[PDB]
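**Student:** The sequence shown begins at 636 in the numbering used here and counts up by one.
For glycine and all other residues, C-beta sits at the position ideal for the given N, C-alpha and C.
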Amino acid sequence: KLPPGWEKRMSXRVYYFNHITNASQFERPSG
Numbered sequence: 636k637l638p639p640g641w642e643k644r645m646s647x648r649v650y651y652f653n654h655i656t657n658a659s660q661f662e663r664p665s666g
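(1) For the beta strand (DSSP E) that residue 680 lies in, which residues bound it at each end?
(2) Whole angstroms is fine: what's the gap from residue 645's alpha carbon to residue 664's?
(3) Spell out whether any CB of chain C is found under 8 Å from the CB atom of residue 640.
(4) Whole angstroms are fine: how far does the CA of residue 640 sit from the CA of residue 659?
(5) Put residue 661 into one of helix, strand or coil per three-state DSSP.
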């Protein structure tokens, strides 16, 4: 499995962001 600790966020679109690592992207990892 790719690194955990993520949440879903809003940008007018939904995106995914890491609560521990702060990295933010429109498509999700294996996390």
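**Tutor:** Working from what's here:
(1) This structure cannot settle anything about residue 680, because the visible part of the chain is limited to 636 through 666.
(2) Rounded to whole angstroms, the separation of the alpha carbons of residue 664 and residue 645 is 17 Å.
(3) Looking for chain C here will not work: only one protein chain is present.
(4) Approximately 12 Å between the Cα atoms of the pair.
(5) If DSSP states are grouped into helix, strand and coil, residue 661 belongs with coil.
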